[PDB]
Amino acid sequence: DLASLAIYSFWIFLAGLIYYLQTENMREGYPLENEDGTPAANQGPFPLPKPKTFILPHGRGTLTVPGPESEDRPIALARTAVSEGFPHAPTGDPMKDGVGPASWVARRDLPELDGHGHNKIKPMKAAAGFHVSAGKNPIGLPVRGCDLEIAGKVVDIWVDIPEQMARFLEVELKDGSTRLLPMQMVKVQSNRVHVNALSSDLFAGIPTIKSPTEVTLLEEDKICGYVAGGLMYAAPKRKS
């Protein structure tokens, strides 16, 4: 009957749909590889989808996926076993090298622009008409690392203008240079800003930005990467 028809029909629809859904999520990081980077033998039942090309705003060109994949940065890792499936140990300083939970991707060295073509993110000093409207203004508060030692002082807030959002705290270190600190990895308190991931001694290692009034996708990744990695790698210095 009709009902039987409809339901049998639907289970068929649903199956080609999953198939669709699945092949679309195969647009990045495919095809699969062996730990040595050579193409892996068994890529699953699903074919790579036919490529699609994105036209990036503000004349930044195009992106076609799937496409040639490459890390475009050295990886300082060495195998710890003779068969597949085991960890790869950092061969240096994982933090300094950017592997592990400290990994960063070779994104572009161009900042994200808003709908109009201006830099999406800005130090608040250069963002005409922006003020802390609620909560504790961090600016001026010392910054404490997981080792409970003071590392610097907030000397500005880098805001996201289109979303009127605090993205990073800029921090002034003992030598007078500054670093960005992701907003998402610090606790703003009444008399201090506490950073659990980094011990005071690692703030200097936080990668620097080439221009003082801009951050690029590449530098966001290298920073967030680094600060995140502290959680696993600063661990010996963290006390509470």
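The numbering used is simple: start at 1 and walk along the sequence shown. Heads up, when I say rigid core I mean the largest set of C-alphas that superpose within 1.5 Å between the two forms.
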So which moves more in 9 other deposited structures of this protein by CA, 195-203 or 42-50, given a superposition on the core?
42-50
Comparing 18-26 to 218-226 by root mean square Cα deviation from the shown form in 9 other deposited structures of this protein, core aligned, the larger deviation is found at 18-26
Of 70-78 and 135-143, which one has the bigger average CA B-factor?
70-78
Out of 43-51 and 30-38, which one has CA B-factors that are higher on average in the deposited record?
43-51
If you check the C-alpha B-factor for each of 101, 92, 85, 162 in the entry, which is highest?
92
Given 173, 185, 206, 193, the residue at which the Cα B factor reaches its maximum:
173
Of the three thirds of the chain ranked by Cα temperature factor, residue 123 occupies the lowest
Place residue 106 in the lowest, middle or highest third of its chain's C-alpha B-factors, as listed in the PDB entry.
lowest
In terms of the CA temperature factor given in the entry, to which third of its chain does residue 166 belong: lowest, middle or highest?
lowest
In terms of the CA temperature factor given in the entry, to which third of its chain does residue 155 belong: lowest, middle or highest?
lowest
